[PDB]
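Asker: The following file, entry25.csv, comprises CSV, C-alpha atoms and all ligand atoms:
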```csv
chain,number,residue,atom,x,y,z
A,42,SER,CA,41.8,-35.3,61.8
A,43,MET,CA,39.1,-36.9,59.6
A,44,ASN,CA,39.3,-36.5,55.8
A,45,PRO,CA,36.8,-34.1,54.1
A,46,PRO,CA,34.4,-35.5,51.5
A,47,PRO,CA,36.3,-35.7,48.3
A,48,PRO,CA,35.7,-33.2,45.5
A,49,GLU,CA,32.5,-34.0,43.5
A,50,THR,CA,33.0,-35.9,40.2
A,51,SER,CA,29.4,-35.6,38.9
A,52,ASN,CA,26.5,-33.2,39.5
A,53,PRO,CA,23.0,-33.4,38.0
A,54,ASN,CA,22.7,-29.6,38.0
A,55,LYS,CA,26.0,-28.8,36.3
A,56,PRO,CA,25.8,-28.7,32.4
A,57,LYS,CA,27.9,-31.4,30.8
A,58,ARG,CA,29.8,-31.2,27.5
A,59,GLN,CA,32.3,-33.1,25.4
A,60,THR,CA,34.7,-31.1,23.3
A,61,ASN,CA,37.6,-32.4,21.2
A,62,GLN,CA,39.9,-30.7,23.7
A,63,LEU,CA,38.3,-32.6,26.7
A,64,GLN,CA,38.7,-35.8,24.6
A,65,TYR,CA,42.4,-35.0,24.2
A,66,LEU,CA,42.6,-34.2,27.9
A,67,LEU,CA,41.3,-37.7,28.7
A,68,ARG,CA,43.0,-39.7,25.9
A,69,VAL,CA,46.4,-38.2,25.7
A,70,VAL,CA,47.0,-35.9,28.8
A,71,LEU,CA,45.4,-37.9,31.6
A,72,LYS,CA,46.4,-41.2,30.1
A,73,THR,CA,50.1,-40.1,29.9
A,74,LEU,CA,50.2,-38.9,33.5
A,75,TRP,CA,48.1,-41.7,35.0
A,76,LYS,CA,50.5,-44.4,33.9
A,77,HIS,CA,53.6,-42.5,34.9
A,78,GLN,CA,55.7,-44.1,37.6
A,79,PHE,CA,55.3,-40.9,39.8
A,80,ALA,CA,51.5,-40.8,39.4
A,81,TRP,CA,50.4,-43.1,42.3
A,82,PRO,CA,50.4,-40.5,45.2
A,83,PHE,CA,48.1,-38.3,42.9
A,84,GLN,CA,45.7,-41.0,41.7
A,85,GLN,CA,43.4,-40.3,44.7
A,86,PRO,CA,42.6,-37.7,47.3
A,87,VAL,CA,45.3,-37.2,49.9
A,88,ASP,CA,44.3,-39.5,52.8
A,89,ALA,CA,45.5,-37.3,55.7
A,90,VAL,CA,44.3,-39.8,58.3
A,91,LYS,CA,46.3,-42.7,56.8
A,92,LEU,CA,49.3,-40.4,56.2
A,93,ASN,CA,49.0,-38.9,59.7
A,94,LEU,CA,49.0,-35.3,58.4
A,95,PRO,CA,46.3,-33.6,60.6
A,96,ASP,CA,47.3,-30.2,59.2
A,97,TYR,CA,46.8,-31.1,55.5
A,98,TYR,CA,43.1,-30.0,55.3
A,99,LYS,CA,43.7,-27.1,57.6
A,100,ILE,CA,46.3,-25.9,55.0
A,101,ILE,CA,44.7,-27.2,51.7
A,102,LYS,CA,41.2,-25.9,51.3
A,103,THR,CA,40.9,-26.7,47.5
A,104,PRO,CA,42.1,-30.3,47.2
A,105,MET,CA,42.4,-31.9,43.8
A,106,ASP,CA,43.8,-35.2,42.5
A,107,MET,CA,44.0,-37.1,39.2
A,108,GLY,CA,41.5,-39.7,40.4
A,109,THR,CA,39.0,-36.9,40.7
A,110,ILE,CA,40.0,-35.5,37.3
A,111,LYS,CA,39.8,-38.9,35.6
A,112,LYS,CA,36.2,-39.4,37.0
A,113,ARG,CA,35.2,-35.9,36.0
A,114,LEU,CA,36.4,-36.5,32.4
A,115,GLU,CA,34.8,-39.9,32.3
A,116,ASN,CA,31.5,-38.5,33.6
A,117,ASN,CA,31.7,-35.5,31.2
A,118,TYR,CA,31.5,-33.3,34.3
A,119,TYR,CA,33.2,-30.4,32.6
A,120,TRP,CA,31.9,-27.9,30.1
A,121,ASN,CA,35.4,-26.9,28.8
A,122,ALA,CA,39.1,-27.7,28.8
A,123,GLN,CA,39.9,-24.7,31.0
A,124,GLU,CA,38.0,-26.2,34.0
A,125,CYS,CA,40.1,-29.4,33.7
A,126,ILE,CA,43.4,-27.6,33.1
A,127,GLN,CA,42.5,-25.6,36.2
A,128,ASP,CA,42.0,-28.9,38.2
A,129,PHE,CA,45.5,-30.1,37.3
A,130,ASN,CA,47.1,-26.7,38.2
A,131,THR,CA,45.3,-26.8,41.6
A,132,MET,CA,46.7,-30.3,42.2
A,133,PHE,CA,50.2,-29.3,41.5
A,134,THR,CA,49.9,-26.0,43.4
A,135,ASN,CA,48.5,-27.7,46.5
A,136,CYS,CA,51.6,-30.0,46.4
A,137,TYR,CA,54.1,-27.2,46.2
A,138,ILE,CA,52.2,-25.3,49.0
A,139,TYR,CA,52.0,-28.0,51.5
A,140,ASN,CA,55.3,-29.8,51.1
A,141,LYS,CA,58.9,-28.4,51.4
A,142,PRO,CA,60.9,-27.5,48.2
A,143,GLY,CA,63.4,-30.4,48.7
A,144,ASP,CA,60.8,-33.2,49.1
A,145,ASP,CA,60.5,-36.3,46.9
A,146,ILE,CA,56.7,-35.6,46.5
A,147,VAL,CA,57.5,-32.2,45.2
A,148,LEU,CA,60.1,-33.6,42.7
A,149,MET,CA,57.5,-36.1,41.6
A,150,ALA,CA,54.9,-33.4,41.0
A,151,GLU,CA,57.4,-31.3,39.1
A,152,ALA,CA,58.1,-34.1,36.6
A,153,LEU,CA,54.4,-34.8,36.2
A,154,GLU,CA,53.8,-31.0,35.7
A,155,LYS,CA,56.6,-30.8,33.1
A,156,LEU,CA,54.9,-33.6,31.2
A,157,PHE,CA,51.5,-31.9,31.6
A,158,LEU,CA,52.8,-28.6,30.2
A,159,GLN,CA,54.3,-30.5,27.2
A,160,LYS,CA,51.0,-32.3,26.4
A,161,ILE,CA,48.9,-29.2,27.0
A,162,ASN,CA,51.3,-27.2,24.7
A,163,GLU,CA,49.8,-29.4,21.9
A,164,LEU,CA,46.1,-29.0,22.9
A,165,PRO,CA,44.1,-29.0,19.6
A,166,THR,CA,42.0,-26.0,18.7
A,167,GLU,CA,38.2,-26.7,19.0
A,168,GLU,CA,36.3,-28.7,16.3
B,1,LIG,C1,50.2,-36.0,46.5
B,1,LIG,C2,50.6,-35.3,47.8
B,1,LIG,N1,50.7,-34.0,48.0
B,1,LIG,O1,51.1,-33.7,49.4
B,1,LIG,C3,51.2,-35.0,50.0
B,1,LIG,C4,51.7,-35.3,51.4
B,1,LIG,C5,51.0,-36.0,49.0
B,1,LIG,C6,51.0,-37.3,49.2
B,1,LIG,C7,50.0,-38.2,48.9
B,1,LIG,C8,50.1,-39.5,49.1
B,1,LIG,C9,51.3,-40.1,49.6
B,1,LIG,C10,52.3,-39.2,50.0
B,1,LIG,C11,52.2,-37.9,49.7
B,1,LIG,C12,53.6,-39.8,50.6
B,1,LIG,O2,54.8,-39.8,49.7
B,1,LIG,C13,54.6,-40.3,48.3
B,1,LIG,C14,56.0,-40.2,47.7
B,1,LIG,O3,56.9,-40.8,48.6
B,1,LIG,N2,53.6,-41.2,50.9
B,1,LIG,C15,54.8,-41.8,51.6
B,1,LIG,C16,52.5,-42.0,50.6
B,1,LIG,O4,52.5,-43.2,50.8
B,1,LIG,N3,51.4,-41.4,49.9
```
Mind turning this structure into structure tokens?
Ligand SMILES: Cc1noc(C)c1-c1ccc2c(c1)[C@H](OCCO)N(C)C(=O)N2
Answerer:
Amino acid sequence: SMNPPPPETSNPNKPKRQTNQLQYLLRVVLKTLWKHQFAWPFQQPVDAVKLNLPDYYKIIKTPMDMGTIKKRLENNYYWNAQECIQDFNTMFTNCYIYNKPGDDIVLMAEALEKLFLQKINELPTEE
């Protein structure tokens, strides 16, 4: 029923870094997806109470959303690009797992992912 606490977006005991790749992830990748017309359902954790989806957090045990990702990048939560790329993949994967292959939300995720894969194809090599 109730929503779980959201994923953490800072942690005093987790080592922080900024790499040119993480800068690219925030400035080009996140920026491009965030502003997209299909971004809004992904800009914050799935609110399963408000959506009336009691099974969401019985099914999805590794939630992720772009709001969480944006804050992680802003806080320099990550050590490397892979951690961030992983968060995006988890977000898309959760969507494809919970929802049916027809669904608008799935089609939305697919277009965002297609864009994601384009931008990530041009990730710079490290400075
Ligand atoms: C993301 C995600 N992954 O699995 C689910 C379910 C979502 C999701 C999150 C928020 C919303 C919706 C779906 C839903 O559909 C949005 C597209 O119609 N809706 C009507 C809405 O108001 N917000």
Asker: Restricting the calculation to all atoms listed in the file: of A:60, A:84, A:159, A:117, which residue gets closest to ligand LIG 1 (chain B)?
Answerer: A:84
Asker: Which one is closest to residue A:125: A:138, A:80, A:105, A:94? Count all atoms listed in the file.
Answerer: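 Closest residue, counting all atoms listed in the file: A:105.
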Asker: Counting only C-alpha atoms and all ligand atoms, which protein, DNA or RNA residues come within 8 Å of ligand LIG 1 (chain B), given as an MDAnalysis selection string?
Answerer: chainID A and resid 79 81:83 86:89 92 94 97 106 132 135:137 139:140 145:147 149:150
Asker: Using only C-alpha atoms, can you tell me which of A:155, A:163, A:55, A:71 comes closest to residue A:112?
Answerer: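 Checking each of A:155, A:163, A:55, A:71 against residue A:112, counting only C-alpha atoms, the winner is A:71.
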Asker: Please rebuild stretch 72-101 of chain A with N, CA and C atoms and return the result as a compact mmCIF listing (two decimals), in the coordinates of the input.
Answerer:
```txt
# COMPACT_ATOMS: atom_id res chain seq x y z
N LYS A 72 45.84 -39.85 30.31
CA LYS A 72 46.40 -41.20 30.10
C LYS A 72 47.91 -41.19 30.31
N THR A 73 48.62 -40.19 29.78
CA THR A 73 50.10 -40.10 29.90
C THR A 73 50.50 -39.97 31.37
N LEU A 74 49.79 -39.13 32.13
CA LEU A 74 50.20 -38.90 33.50
C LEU A 74 49.87 -40.05 34.44
N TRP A 75 48.71 -40.66 34.17
CA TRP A 75 48.10 -41.70 35.00
C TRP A 75 49.04 -42.87 35.11
N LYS A 76 49.67 -43.18 33.99
CA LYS A 76 50.50 -44.40 33.90
C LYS A 76 51.95 -44.16 34.25
N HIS A 77 52.32 -42.91 34.41
CA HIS A 77 53.60 -42.50 34.90
C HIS A 77 53.97 -43.15 36.23
N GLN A 78 55.24 -43.47 36.40
CA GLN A 78 55.70 -44.10 37.60
C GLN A 78 55.58 -43.21 38.89
N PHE A 79 55.49 -41.89 38.71
CA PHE A 79 55.30 -40.90 39.80
C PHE A 79 53.80 -40.61 40.08
N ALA A 80 52.89 -41.17 39.28
CA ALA A 80 51.50 -40.80 39.40
C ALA A 80 50.80 -41.28 40.70
N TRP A 81 51.20 -42.43 41.25
CA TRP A 81 50.40 -43.10 42.30
C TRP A 81 49.97 -42.21 43.54
N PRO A 82 50.85 -41.30 44.06
CA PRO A 82 50.40 -40.50 45.20
C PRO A 82 49.23 -39.51 44.78
N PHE A 83 49.07 -39.29 43.47
CA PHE A 83 48.10 -38.30 42.90
C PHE A 83 46.91 -38.95 42.26
N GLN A 84 46.82 -40.27 42.34
CA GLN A 84 45.70 -41.00 41.70
C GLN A 84 44.48 -40.97 42.58
N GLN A 85 44.54 -40.38 43.77
CA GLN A 85 43.40 -40.30 44.70
C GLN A 85 43.57 -39.20 45.67
N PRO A 86 42.45 -38.75 46.30
CA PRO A 86 42.60 -37.70 47.30
C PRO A 86 43.68 -38.03 48.34
N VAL A 87 44.36 -37.01 48.85
CA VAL A 87 45.30 -37.20 49.90
C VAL A 87 44.51 -37.69 51.13
N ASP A 88 44.90 -38.87 51.62
CA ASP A 88 44.30 -39.50 52.80
C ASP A 88 45.13 -39.04 53.98
N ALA A 89 44.74 -37.93 54.60
CA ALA A 89 45.50 -37.30 55.70
C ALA A 89 45.42 -38.10 56.97
N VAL A 90 44.38 -38.92 57.12
CA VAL A 90 44.30 -39.80 58.30
C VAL A 90 45.32 -40.88 58.17
N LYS A 91 45.31 -41.62 57.05
CA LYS A 91 46.30 -42.70 56.80
C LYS A 91 47.70 -42.13 56.83
N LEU A 92 47.94 -40.98 56.19
CA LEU A 92 49.30 -40.40 56.20
C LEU A 92 49.69 -39.73 57.48
N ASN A 93 48.75 -39.60 58.42
CA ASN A 93 49.00 -38.90 59.70
C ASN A 93 49.50 -37.48 59.48
N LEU A 94 48.72 -36.75 58.70
CA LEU A 94 49.00 -35.30 58.40
C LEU A 94 47.70 -34.55 58.80
N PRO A 95 47.49 -34.37 60.13
CA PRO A 95 46.30 -33.60 60.60
C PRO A 95 46.17 -32.18 60.12
N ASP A 96 47.28 -31.55 59.72
CA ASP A 96 47.30 -30.20 59.20
C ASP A 96 46.96 -30.06 57.69
N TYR A 97 46.80 -31.18 57.01
CA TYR A 97 46.80 -31.10 55.50
C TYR A 97 45.52 -30.33 55.11
N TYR A 98 44.37 -30.69 55.64
CA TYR A 98 43.10 -30.00 55.30
C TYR A 98 42.82 -28.77 56.09
N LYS A 99 43.71 -28.42 57.02
CA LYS A 99 43.70 -27.10 57.60
C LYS A 99 44.45 -26.14 56.63
N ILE A 100 45.42 -26.68 55.88
CA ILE A 100 46.30 -25.90 55.00
C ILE A 100 45.71 -25.82 53.57
N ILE A 101 45.31 -27.00 53.09
CA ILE A 101 44.70 -27.20 51.70
C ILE A 101 43.21 -27.20 51.76
```
